[PDB]
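Below, each value reflects all heavy atoms present in this structure, side chains not excepted, and no hydrogens, waters or symmetry copies. Order of the sequence lines fixes the chain letters, A, B, ..., with proteins taken first and strands second; residue numbering starts at 1 for each chain.
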Amino acid sequence: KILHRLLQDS
Amino acid sequence: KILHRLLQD
Amino acid sequence: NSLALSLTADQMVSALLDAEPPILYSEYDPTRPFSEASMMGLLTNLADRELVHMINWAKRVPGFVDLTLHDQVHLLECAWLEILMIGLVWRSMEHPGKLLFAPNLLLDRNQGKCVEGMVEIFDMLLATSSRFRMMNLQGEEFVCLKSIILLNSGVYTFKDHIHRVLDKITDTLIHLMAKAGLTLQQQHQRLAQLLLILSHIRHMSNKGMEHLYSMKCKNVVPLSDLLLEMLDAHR
Amino acid sequence: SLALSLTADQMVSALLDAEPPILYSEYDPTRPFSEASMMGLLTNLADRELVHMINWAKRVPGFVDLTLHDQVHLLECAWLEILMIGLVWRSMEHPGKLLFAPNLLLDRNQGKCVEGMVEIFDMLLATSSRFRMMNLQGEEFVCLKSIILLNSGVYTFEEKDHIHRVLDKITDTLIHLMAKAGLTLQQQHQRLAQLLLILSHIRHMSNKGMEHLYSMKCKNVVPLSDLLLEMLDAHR
Ligand SMILES: C[C@@H]1CCCC(=C(c2ccc(O)cc2)c2ccc(O)cc2)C1
Ligand SMILES: C[C@@H]1CCCC(=C(c2ccc(O)cc2)c2ccc(O)cc2)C1
């Protein structure tokens, strides 16, 4: 999930 | 429309 | 040039409370409805009779009668399902986990599953009802919210009169909260909380409308000519 | 949290600093207008805006304190609403026109270029004209946008009370701004109500827009981006 990815990026 | 008639009543 | 603007806050409240439609009953001799046909049959019949009362209720909302006939038509066409829903949510307030469509018709999640793609609106409705009860929504606040929906929902699809009536209902809402002993901060916070609910009620209406449109195309449940015209007004 | 401890002016500052930039379109005034390429431009534009929105959301007070699953849900619900109120805000001083980008201004007779989109176009114009008449302030705008992010998906999921706490904090901030502008107590309440009723219409426009985008995907003529497709499936 892309939205999951970008939100999670630290 | 029916709505017309009912609003006039 | 409007008697609505001249009313005091209490006159506004008294007028709205007395204009309230009655709580109608569903059809009797029941099996607990479980077929997609019988449930939607009961609901359609109920909504159809409710609409007749809503139309005459709307005419008793201060400022609504000052509008042209065509403007009255447009507002009701836009807001009718919203008003039915916030009515349903209000009635279901003292019955957590259940929806009181009528005193003899209480439905829960499991009966929403009956109709394909129906339980999601149910959950939204149940959530809104739980939200109302936790806020301890009052009847005086409810009738203000419902009138706001009537005048607001279709106002941008057309006009200072409506906005000035809307402003006065806000005055009334604050007046009610101040009367209940709420502090200045508690007043505008609660006002904000109540009005944000209308955004979700709008969303529930739009999702419900799509479902009713689907039922029309399905042509299994016969819709009345009145509902067909209210439904056609959206798309 | 740290958002609850924030004063009203700190809230405004943090929100104003978190504002995403105004991205450019690929519009070529000399190139033709297929009106399937117009949607192509808009799709490309929105897809790039989403990346900035997501990072903008992470700077909205309180949002980070939420579980990742809830963060996903709120953006999935409100992304088009947020795109739309942004579009409306940019178009505020361009009456009868929508400013999708500094190089992309469109009016009514370009909205009909796409099937059943002119009404949504007129609703956006009405909202924009409404912000204009109200003389909506930038400080009030960023408050509204954050409210949409937190509110729009709050009844579709505990820690929902934390959202209500932050939502009340933004309400305090909004009132603070109005009292600052010299508005009387009656005027503050009225304007506050006026602003929040707009959100109902922005919700309506989003639902209508979401349906038009689903129709466009099924037609499969204007290809949606991978992110845009996932955001669209969220509403089903
Ligand atoms: C899908 C909608 C959401 C749940 C409740 C619904 C309806 C409804 C809403 C409120 C109410 O008091 C009475 C009835 C409904 C049902 C049939 C119909 O022809 C029109 C409206 C349907
Ligand atoms: C039907 C909607 C009406 C208003 C404008 C719309 C879009 C839009 C909205 C805001 C914005 O900044 C950039 C783009 C859009 C277009 C294509 C797409 O795949 C996603 C969104 C589309």
**Q** Does any part of the side chain of D:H204, heavy atoms only, come nearer than 4.5 Å to the side chain of C:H203, both counted from C-beta?
**A**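 Heavy-atom side-chain distance check fails, nothing below 4.5 Å.
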
**Q** Which atoms of C:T170 come close to chain D, meaning under 4.5 Å heavy atom to heavy atom: side chain ones, backbone ones, both, or neither?
**A**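 Only the side chain of C:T170 comes within 4.5 Å of chain D.
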
**Q** Is it the backbone or the side chain of D:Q190 that comes under 4.5 Å from a heavy atom of chain C, or both, or neither?
**A**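 For D:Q190, backbone and side chain are both near chain C.
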
**Q** Please report the closest heavy-atom contact between D:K208 and C:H234, naming both atoms and the distance.
**A**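 Taking D:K208 first and C:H234 second, the nearest heavy atoms are NZ-O, 3.7 Å.
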
**Q** Can you tell me which portion of C:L166 sits under 4.5 Å from chain D's heavy atoms? Options are side chain, backbone, both or neither.
**A**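 C:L166 touches chain D through side-chain heavy atoms alone.
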
**Q** Is D:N151 in contact with chain C via its backbone, its side chain, both, or neither, using a 4.5 Å heavy-atom distance?
**A**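 Both parts, backbone and side chain.
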
**Q** Using heavy-atom distances under 4.5 Å, tell me whether D:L185 contacts chain C through its side chain, its backbone, both, or neither.
**A**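 Contact with chain C involves the side chain of D:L185 alone.
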
**Q** So what's closer than 4.5 Å to chain D heavy atoms on C:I197: side chain, backbone, both or neither?
**A**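 It is the side chain, since no backbone atom gets that close.
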
**Q** Can you find a side-chain donor-acceptor pair between D:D168 and C:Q185 that sits under 3.5 Å?
**A**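 There is no such pair between these side chains.
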
**Q** Between C:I148, C:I149, C:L191, C:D171, which shows the greatest number of heavy-atom pairs under 4.5 Å with chain D?
**A**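 Looking at each of C:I148, C:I149, C:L191, C:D171 in turn, C:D171 comes out on top.
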
**Q** Quick check: do C:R202 and D:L199 have side-chain heavy atoms less than 4.5 Å from each other?
**A**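 Contact flag for C:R202/D:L199 side chains = no.
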
**Q** Under 4.5 Å, counting heavy-atom pairs only, tell me which of D:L197, D:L195, D:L196 racks up the most with chain C.
**A**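 Most heavy-atom pairs within the cutoff with chain C belong to D:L197.
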
**Q** Using the side chain to side chain contact (heavy atoms under 4.5 Å, CB included) rule, pick out the option among D:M134, D:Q194, D:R130 that qualifies with C:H163.
**A**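 With C:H163 as partner, side chain to side chain contact (heavy atoms under 4.5 Å, CB included) holds for just one option, D:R130.
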
**Q** Check each atom of D:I175 against the heavy atoms of chain C and say whether the ones under 4.5 Å are side chain, backbone, both or neither.
**A**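 The answer is the side chain of D:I175.
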
**Q** Would D:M123 and C:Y156 count as a side-chain contact (heavy atoms from CB on, under 4.5 Å) if you check the C-alpha gap in whole Å, the side-chain angles of each, and the deciding distance to 0.1 Å?
**A** CA-CA 7 Å; D:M123 298 195 72; C:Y156 296 118; 5.6 Å; no

**Q** Mind running side-chain contact (heavy atoms from CB on, under 4.5 Å) on D:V154 and C:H200 for me, showing each step along the way?
**A** CA-CA 9 Å; D:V154 80; C:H200 297 269; 4.0 Å; yes

